[PDB]
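Participant: Enclosed is the structure file start33.pdb (PDB, C-alpha atoms).
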```
ATOM      1  CA  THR A   9      13.987  23.321 -33.642
ATOM      2  CA  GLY A  10      14.429  25.746 -36.524
ATOM      3  CA  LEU A  11      15.628  28.208 -33.901
ATOM      4  CA  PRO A  12      19.251  29.450 -33.600
ATOM      5  CA  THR A  13      20.757  29.811 -30.100
ATOM      6  CA  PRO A  14      19.936  29.965 -27.375
ATOM      7  CA  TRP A  15      16.352  30.779 -28.405
ATOM      8  CA  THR A  16      13.307  28.770 -27.369
ATOM      9  CA  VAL A  17       9.708  28.857 -28.547
ATOM     10  CA  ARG A  18       7.253  29.025 -25.654
ATOM     11  CA  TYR A  19       3.600  29.588 -24.803
ATOM     12  CA  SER A  20       2.184  32.562 -22.929
ATOM     13  CA  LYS A  21      -0.617  31.404 -20.634
ATOM     14  CA  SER A  22      -1.548  35.034 -20.019
ATOM     15  CA  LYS A  23      -1.836  35.832 -23.733
ATOM     16  CA  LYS A  24      -2.848  32.512 -25.337
ATOM     17  CA  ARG A  25      -0.013  33.254 -27.758
ATOM     18  CA  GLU A  26       3.217  31.626 -28.930
ATOM     19  CA  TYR A  27       6.380  33.642 -28.265
ATOM     20  CA  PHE A  28      10.174  33.390 -28.397
ATOM     21  CA  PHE A  29      12.604  33.549 -25.475
ATOM     22  CA  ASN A  30      16.326  34.284 -25.162
ATOM     23  CA  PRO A  31      17.436  32.828 -21.791
ATOM     24  CA  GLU A  32      20.857  34.518 -22.015
ATOM     25  CA  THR A  33      19.422  38.023 -22.339
ATOM     26  CA  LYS A  34      16.086  37.277 -20.643
ATOM     27  CA  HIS A  35      14.352  38.740 -23.690
ATOM     28  CA  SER A  36      10.911  37.713 -24.927
ATOM     29  CA  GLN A  37       9.300  38.586 -28.261
ATOM     30  CA  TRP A  38       6.262  37.598 -30.328
ATOM     31  CA  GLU A  39       8.158  37.840 -33.603
ATOM     32  CA  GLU A  40      10.378  35.069 -34.941
ATOM     33  CA  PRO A  41      14.113  35.536 -34.194
ATOM     34  CA  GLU A  42      16.564  36.435 -36.967
ATOM     35  CA  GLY A  43      18.466  33.372 -38.143
ATOM     36  CA  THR A  44      15.626  30.856 -38.012
ATOM     37  CA  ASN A  45      14.921  28.022 -40.427
ATOM     38  CA  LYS A  46      11.393  29.294 -40.974
ATOM     39  CA  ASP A  47       9.564  26.152 -42.172
ATOM     40  CA  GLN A  48      11.549  23.869 -39.867
ATOM     41  CA  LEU A  49       9.908  25.629 -36.966
ATOM     42  CA  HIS A  50       6.480  25.596 -38.599
ATOM     43  CA  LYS A  51       6.416  21.823 -39.091
ATOM     44  CA  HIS A  52       8.028  21.495 -35.693
ATOM     45  CA  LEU A  53       5.086  23.345 -34.176
ATOM     46  CA  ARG A  54       2.727  21.475 -36.513
ATOM     47  CA  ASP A  55       3.972  18.117 -35.294
ATOM     48  CA  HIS A  56       5.116  19.087 -31.805
ATOM     49  CA  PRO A  57       2.888  22.036 -30.820
ATOM     50  CA  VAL A  58       3.498  24.194 -27.765
ATOM     51  CA  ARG A  59      -0.157  25.205 -27.577
ATOM     52  CA  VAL A  60      -3.386  23.351 -28.356
ATOM     53  CA  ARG A  61      -7.101  24.151 -28.183
ATOM     54  CA  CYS A  62      -9.569  21.505 -27.047
ATOM     55  CA  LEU A  63     -13.172  20.692 -26.247
ATOM     56  CA  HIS A  64     -13.909  18.088 -23.588
ATOM     57  CA  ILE A  65     -16.805  16.310 -21.899
ATOM     58  CA  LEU A  66     -16.343  15.624 -18.195
ATOM     59  CA  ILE A  67     -18.337  12.994 -16.334
ATOM     60  CA  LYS A  68     -17.402  12.948 -12.645
ATOM     61  CA  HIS A  69     -17.668   9.908 -10.370
ATOM     62  CA  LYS A  70     -17.569   8.968  -6.671
ATOM     63  CA  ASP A  71     -13.789   8.827  -6.364
ATOM     64  CA  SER A  72     -13.418  12.198  -8.035
ATOM     65  CA  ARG A  73     -11.630  15.014  -6.199
ATOM     66  CA  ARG A  74     -14.612  17.301  -6.730
ATOM     67  CA  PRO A  75     -17.710  15.090  -6.871
ATOM     68  CA  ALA A  76     -20.202  17.974  -7.091
ATOM     69  CA  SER A  77     -21.081  19.761 -10.319
ATOM     70  CA  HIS A  78     -23.945  21.994 -11.447
ATOM     71  CA  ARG A  79     -25.930  18.806 -11.999
ATOM     72  CA  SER A  80     -25.636  17.283  -8.536
ATOM     73  CA  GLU A  81     -23.931  18.673  -5.439
ATOM     74  CA  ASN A  82     -23.132  15.093  -4.455
ATOM     75  CA  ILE A  83     -22.162  12.497  -7.060
ATOM     76  CA  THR A  84     -22.626   8.819  -6.255
ATOM     77  CA  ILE A  85     -21.911   6.726  -9.371
ATOM     78  CA  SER A  86     -18.900   4.448  -9.937
ATOM     79  CA  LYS A  87     -16.000   4.853 -12.371
ATOM     80  CA  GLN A  88     -17.315   2.194 -14.738
ATOM     81  CA  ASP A  89     -20.804   3.710 -14.535
ATOM     82  CA  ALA A  90     -19.383   7.056 -15.599
ATOM     83  CA  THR A  91     -17.314   5.352 -18.295
ATOM     84  CA  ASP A  92     -20.043   3.292 -20.009
ATOM     85  CA  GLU A  93     -22.222   6.402 -19.840
ATOM     86  CA  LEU A  94     -19.492   8.425 -21.536
ATOM     87  CA  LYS A  95     -19.108   5.622 -24.069
ATOM     88  CA  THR A  96     -22.844   5.637 -24.833
ATOM     89  CA  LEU A  97     -22.698   9.434 -24.951
ATOM     90  CA  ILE A  98     -19.876   9.415 -27.499
ATOM     91  CA  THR A  99     -21.791   6.939 -29.676
ATOM     92  CA  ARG A 100     -24.275   9.705 -30.508
ATOM     93  CA  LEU A 101     -21.555  12.067 -31.771
ATOM     94  CA  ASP A 102     -22.569  13.823 -34.987
ATOM     95  CA  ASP A 103     -21.097  17.104 -36.219
ATOM     96  CA  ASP A 104     -24.195  17.757 -38.331
ATOM     97  CA  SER A 105     -26.662  17.186 -35.481
ATOM     98  CA  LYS A 106     -28.018  20.099 -33.429
ATOM     99  CA  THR A 107     -28.318  17.868 -30.354
ATOM    100  CA  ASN A 108     -25.514  15.346 -30.918
ATOM    101  CA  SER A 109     -22.598  17.608 -31.849
ATOM    102  CA  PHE A 110     -19.604  17.449 -29.501
ATOM    103  CA  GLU A 111     -20.500  20.932 -28.250
ATOM    104  CA  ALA A 112     -24.115  19.888 -27.644
ATOM    105  CA  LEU A 113     -23.191  16.656 -25.861
ATOM    106  CA  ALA A 114     -20.899  18.701 -23.627
ATOM    107  CA  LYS A 115     -23.708  21.154 -22.914
ATOM    108  CA  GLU A 116     -26.064  18.249 -22.190
ATOM    109  CA  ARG A 117     -23.994  16.046 -19.891
ATOM    110  CA  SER A 118     -20.532  17.460 -19.043
ATOM    111  CA  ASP A 119     -19.908  18.162 -15.350
ATOM    112  CA  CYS A 120     -17.240  20.745 -16.198
ATOM    113  CA  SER A 121     -18.067  24.466 -16.032
ATOM    114  CA  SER A 122     -17.130  24.569 -19.723
ATOM    115  CA  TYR A 123     -20.464  22.880 -20.479
ATOM    116  CA  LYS A 124     -22.001  26.314 -21.100
ATOM    117  CA  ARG A 125     -19.292  27.050 -23.663
ATOM    118  CA  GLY A 126     -19.694  23.798 -25.575
ATOM    119  CA  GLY A 127     -16.846  22.268 -23.604
ATOM    120  CA  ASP A 128     -14.428  24.834 -25.007
ATOM    121  CA  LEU A 129     -11.352  25.051 -22.771
ATOM    122  CA  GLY A 130      -9.707  27.517 -25.140
ATOM    123  CA  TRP A 131      -5.978  27.433 -25.853
ATOM    124  CA  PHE A 132      -3.578  25.920 -23.309
ATOM    125  CA  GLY A 133       0.069  24.948 -22.854
ATOM    126  CA  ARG A 134       1.952  22.251 -20.957
ATOM    127  CA  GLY A 135       1.933  23.841 -17.496
ATOM    128  CA  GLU A 136      -1.836  24.000 -17.160
ATOM    129  CA  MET A 137      -3.890  20.815 -17.373
ATOM    130  CA  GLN A 138      -3.758  17.557 -15.459
ATOM    131  CA  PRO A 139      -0.919  15.317 -16.747
ATOM    132  CA  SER A 140      -3.277  12.554 -17.868
ATOM    133  CA  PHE A 141      -5.452  15.019 -19.787
ATOM    134  CA  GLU A 142      -2.493  16.873 -21.333
ATOM    135  CA  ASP A 143      -0.785  13.695 -22.516
ATOM    136  CA  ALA A 144      -3.889  12.794 -24.503
ATOM    137  CA  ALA A 145      -4.600  16.304 -25.792
ATOM    138  CA  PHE A 146      -1.105  16.868 -27.199
ATOM    139  CA  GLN A 147      -1.038  13.433 -28.830
ATOM    140  CA  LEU A 148      -4.206  14.308 -30.797
ATOM    141  CA  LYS A 149      -4.369  15.783 -34.293
ATOM    142  CA  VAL A 150      -6.548  18.787 -35.091
ATOM    143  CA  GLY A 151     -10.135  17.589 -35.458
ATOM    144  CA  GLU A 152      -9.466  14.255 -33.761
ATOM    145  CA  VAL A 153     -11.439  12.828 -30.829
ATOM    146  CA  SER A 154      -9.723  10.932 -28.013
ATOM    147  CA  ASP A 155     -10.787   7.741 -26.268
ATOM    148  CA  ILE A 156     -11.742   7.757 -22.579
ATOM    149  CA  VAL A 157      -9.198   9.608 -20.466
ATOM    150  CA  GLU A 158      -9.076   9.171 -16.706
ATOM    151  CA  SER A 159      -7.918  12.017 -14.472
ATOM    152  CA  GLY A 160      -8.383  13.202 -10.904
ATOM    153  CA  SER A 161     -11.374  15.317 -11.880
ATOM    154  CA  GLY A 162     -13.219  12.391 -13.454
ATOM    155  CA  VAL A 163     -13.317  10.883 -16.935
ATOM    156  CA  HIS A 164     -13.023  12.870 -20.159
ATOM    157  CA  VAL A 165     -13.402  12.604 -23.891
ATOM    158  CA  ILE A 166     -11.382  15.231 -25.741
ATOM    159  CA  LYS A 167     -11.682  16.911 -29.127
ATOM    160  CA  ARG A 168      -8.773  18.950 -30.455
ATOM    161  CA  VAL A 169      -9.960  21.820 -32.638
ATOM    162  CA  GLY A 170      -6.705  23.771 -32.733
TER
END
```
Any chance you could give the structure as structure tokens?
Facilitator:
Amino acid sequence: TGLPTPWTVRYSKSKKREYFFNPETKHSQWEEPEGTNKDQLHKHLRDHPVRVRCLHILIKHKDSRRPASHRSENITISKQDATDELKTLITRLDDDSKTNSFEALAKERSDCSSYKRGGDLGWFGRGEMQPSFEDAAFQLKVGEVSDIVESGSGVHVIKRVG
């Protein structure tokens, strides 16, 4: 909302950038369309964003689609084993710690390839992540940490930083 007609605000996966689309003219532009309620869009995107940026920690389990990370090329633990481990992991969380920061915990234990980037998945929109993951990420506020989220890849804990 805030947008005239028939404009829509969208997210460019290729550019990691918000843009504006006219479906009648098939025109796309980065700049806001003439006619817009400026701050009705801003606190529409603030409260209902079209892009978010997240960190996550992935612990895979036996019934995961891809039970083979850089840590083990065959993963044997249960779902509750992975969960209580992730729970214990999250209990260390400390933004001021060099070894217990979310980034560090990701680097220490996360089975996702993003472990080497501090669990940084970068910006993403609604056509990209697993539905279970997305529905938790977009419900989070900036700076907020999620509870345990189950997906096909494994279990996650998510931090939204953007």
Participant: Given the point (-14.3, 13.8, -29.1) in the coordinates of this file, which residues lie within 6 Å, counting all atoms listed in the file, and how would they look as a PyMOL selection string?
Facilitator: chain A and resi 153-154+165-167
Participant: Exactly which residues make up the result of the PyMOL selection byres ((chain A and resi 86) around 8) on this file, given as a PyMOL selection string?
Facilitator: chain A and resi 69-71+84-85+87-90
Participant: Please measure the separation of CA of residue 35 (chain A) and CA of residue 19 (chain A), giving the value in Å to one decimal.
Facilitator: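 Calculated distance between CA of residue 35 (chain A) and CA of residue 19 (chain A) is 14.2 Å.
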Participant: Residues picked by the PyMOL selection byres ((chain A and resi 98) around 10) here, as a ChimeraX atom specification?
Facilitator: /A:65,92-97,99-102,108-110,113,153,155-156,165
Participant: Please write as a list in words the full residue list that the PyMOL selection byres ((chain A and resi 79) around 10) yields on this file.
Facilitator: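 Applying the PyMOL selection byres ((chain A and resi 79) around 10) to the structure shown produces residues 76, 77, 78, 80, 81, 82, 83, 117, 118, 119 and 120 of chain A.
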Participant: For residue 55 (chain A), find every residue with an atom within 10 Å (counting all atoms listed in the file), except residues of its own chain fewer than 3 positions away, and show them as a list in words.
Facilitator: residues 49, 50, 51, 52, 58, 146, 147 and 149 of chain A
Participant: Which is closest to residue 11 (chain A) among A:30, A:45, A:37, A:107, if we use only C-alpha atoms?
Facilitator: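 Counting only C-alpha atoms, the residue closest to residue 11 (chain A) is A:45.
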Participant: Rounded to one decimal, what separation in Å do you get between CA of residue 54 (chain A) and CA of residue 132 (chain A)?
Facilitator: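 These two atoms are separated by 15.3 Å.
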Participant: Go ahead and compute the interatomic distance for CA of residue 28 (chain A) and CA of residue 14 (chain A), in Å to one decimal.
Facilitator: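 If I compute the distance from CA of residue 28 (chain A) to CA of residue 14 (chain A), I get 10.4 Å.
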Participant: Nearest residue to residue 67 (chain A) out of A:116, A:136, A:152, A:143, using only C-alpha atoms?
Facilitator: A:116
Participant: From the list A:68, A:59, A:24, A:34, which residue is nearest residue 133 (chain A) when using only C-alpha atoms?
Facilitator: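 The shortest atom-to-atom distance to residue 133 (chain A) comes from A:59.
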Participant: Name the residues within 10 Å of (18.4, 28.9, -21.2), counting all atoms listed in the file in the file's coordinates, and put them as an mmCIF file with C-alpha atoms, in the coordinates of the input.
Facilitator:
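In the end it all went to out_36.cif:
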```cif
data_model
loop_
_atom_site.group_PDB
_atom_site.id
_atom_site.type_symbol
_atom_site.label_atom_id
_atom_site.label_comp_id
_atom_site.auth_asym_id
_atom_site.auth_seq_id
_atom_site.Cartn_x
_atom_site.Cartn_y
_atom_site.Cartn_z
ATOM 1 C CA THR A 13 20.757 29.811 -30.100
ATOM 2 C CA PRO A 14 19.936 29.965 -27.375
ATOM 3 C CA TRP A 15 16.352 30.779 -28.405
ATOM 4 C CA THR A 16 13.307 28.770 -27.369
ATOM 5 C CA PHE A 29 12.604 33.549 -25.475
ATOM 6 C CA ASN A 30 16.326 34.284 -25.162
ATOM 7 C CA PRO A 31 17.436 32.828 -21.791
ATOM 8 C CA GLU A 32 20.857 34.518 -22.015
ATOM 9 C CA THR A 33 19.422 38.023 -22.339
ATOM 10 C CA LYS A 34 16.086 37.277 -20.643
#
```
Participant: Some atoms are absent from region 124-152 of chain A, so rebuild N, CA and C atoms and return them as a JSON list (two decimals), in the coordinates of the input.
Facilitator:
```json
[["chain", "number", "residue", "atom", "x", "y", "z"],
["A", 124, "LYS", "N", -21.25, 25.18, -20.57],
["A", 124, "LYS", "CA", -22.00, 26.31, -21.10],
["A", 124, "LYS", "C", -21.28, 26.95, -22.28],
["A", 125, "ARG", "N", -20.05, 26.51, -22.55],
["A", 125, "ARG", "CA", -19.29, 27.05, -23.66],
["A", 125, "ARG", "C", -19.05, 25.98, -24.72],
["A", 126, "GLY", "N", -19.85, 24.92, -24.66],
["A", 126, "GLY", "CA", -19.69, 23.80, -25.58],
["A", 126, "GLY", "C", -18.45, 22.99, -25.28],
["A", 127, "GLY", "N", -18.00, 23.04, -24.04],
["A", 127, "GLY", "CA", -16.85, 22.27, -23.60],
["A", 127, "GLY", "C", -15.54, 22.90, -24.03],
["A", 128, "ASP", "N", -15.61, 24.14, -24.51],
["A", 128, "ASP", "CA", -14.43, 24.83, -25.01],
["A", 128, "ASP", "C", -13.53, 25.28, -23.86],
["A", 129, "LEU", "N", -12.35, 24.68, -23.78],
["A", 129, "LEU", "CA", -11.35, 25.05, -22.77],
["A", 129, "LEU", "C", -10.44, 26.17, -23.26],
["A", 130, "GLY", "N", -10.58, 26.54, -24.53],
["A", 130, "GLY", "CA", -9.71, 27.52, -25.14],
["A", 130, "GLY", "C", -8.29, 26.98, -25.27],
["A", 131, "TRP", "N", -7.37, 27.84, -25.68],
["A", 131, "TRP", "CA", -5.98, 27.43, -25.85],
["A", 131, "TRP", "C", -5.31, 27.12, -24.51],
["A", 132, "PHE", "N", -4.38, 26.17, -24.51],
["A", 132, "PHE", "CA", -3.58, 25.92, -23.31],
["A", 132, "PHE", "C", -2.21, 25.32, -23.61],
["A", 133, "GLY", "N", -1.27, 25.47, -22.67],
["A", 133, "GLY", "CA", 0.07, 24.95, -22.85],
["A", 133, "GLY", "C", 0.33, 23.79, -21.91],
["A", 134, "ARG", "N", 1.60, 23.46, -21.70],
["A", 134, "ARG", "CA", 1.95, 22.25, -20.96],
["A", 134, "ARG", "C", 1.98, 22.38, -19.43],
["A", 135, "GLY", "N", 1.98, 23.61, -18.93],
["A", 135, "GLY", "CA", 1.93, 23.84, -17.50],
["A", 135, "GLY", "C", 0.56, 24.12, -16.92],
["A", 136, "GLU", "N", -0.49, 23.59, -17.53],
["A", 136, "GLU", "CA", -1.84, 24.00, -17.16],
["A", 136, "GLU", "C", -2.82, 22.89, -16.80],
["A", 137, "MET", "N", -2.91, 21.86, -17.63],
["A", 137, "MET", "CA", -3.89, 20.82, -17.37],
["A", 137, "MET", "C", -3.30, 19.67, -16.58],
["A", 138, "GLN", "N", -4.18, 18.78, -16.11],
["A", 138, "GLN", "CA", -3.76, 17.56, -15.46],
["A", 138, "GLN", "C", -2.96, 16.69, -16.42],
["A", 139, "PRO", "N", -1.89, 16.05, -15.93],
["A", 139, "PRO", "CA", -0.92, 15.32, -16.75],
["A", 139, "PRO", "C", -1.58, 14.28, -17.65],
["A", 140, "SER", "N", -2.56, 13.56, -17.10],
["A", 140, "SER", "CA", -3.28, 12.55, -17.87],
["A", 140, "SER", "C", -4.06, 13.17, -19.03],
["A", 141, "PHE", "N", -4.67, 14.33, -18.77],
["A", 141, "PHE", "CA", -5.45, 15.02, -19.79],
["A", 141, "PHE", "C", -4.53, 15.57, -20.87],
["A", 142, "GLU", "N", -3.49, 16.28, -20.44],
["A", 142, "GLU", "CA", -2.49, 16.87, -21.33],
["A", 142, "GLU", "C", -1.87, 15.86, -22.28],
["A", 143, "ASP", "N", -1.50, 14.71, -21.74],
["A", 143, "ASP", "CA", -0.78, 13.70, -22.52],
["A", 143, "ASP", "C", -1.66, 13.09, -23.60],
["A", 144, "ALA", "N", -2.97, 13.24, -23.46],
["A", 144, "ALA", "CA", -3.89, 12.79, -24.50],
["A", 144, "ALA", "C", -4.16, 13.93, -25.48],
["A", 145, "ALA", "N", -4.30, 15.14, -24.96],
["A", 145, "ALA", "CA", -4.60, 16.30, -25.79],
["A", 145, "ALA", "C", -3.49, 16.60, -26.80],
["A", 146, "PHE", "N", -2.24, 16.56, -26.33],
["A", 146, "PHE", "CA", -1.10, 16.87, -27.20],
["A", 146, "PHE", "C", -0.72, 15.75, -28.16],
["A", 147, "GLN", "N", -1.26, 14.55, -27.93],
["A", 147, "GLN", "CA", -1.04, 13.43, -28.83],
["A", 147, "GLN", "C", -2.09, 13.43, -29.95],
["A", 148, "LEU", "N", -3.11, 14.27, -29.83],
["A", 148, "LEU", "CA", -4.21, 14.31, -30.80],
["A", 148, "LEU", "C", -3.88, 15.23, -31.97],
["A", 149, "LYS", "N", -4.43, 14.89, -33.14],
["A", 149, "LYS", "CA", -4.37, 15.78, -34.29],
["A", 149, "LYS", "C", -5.55, 16.74, -34.28],
["A", 150, "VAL", "N", -5.46, 17.82, -35.05],
["A", 150, "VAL", "CA", -6.55, 18.79, -35.09],
["A", 150, "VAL", "C", -7.79, 18.17, -35.73],
["A", 151, "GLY", "N", -8.88, 18.15, -34.98],
["A", 151, "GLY", "CA", -10.14, 17.59, -35.46],
["A", 151, "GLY", "C", -10.37, 16.18, -34.95],
["A", 152, "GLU", "N", -9.41, 15.64, -34.21],
["A", 152, "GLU", "CA", -9.47, 14.26, -33.76],
["A", 152, "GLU", "C", -10.07, 14.15, -32.36]]
```
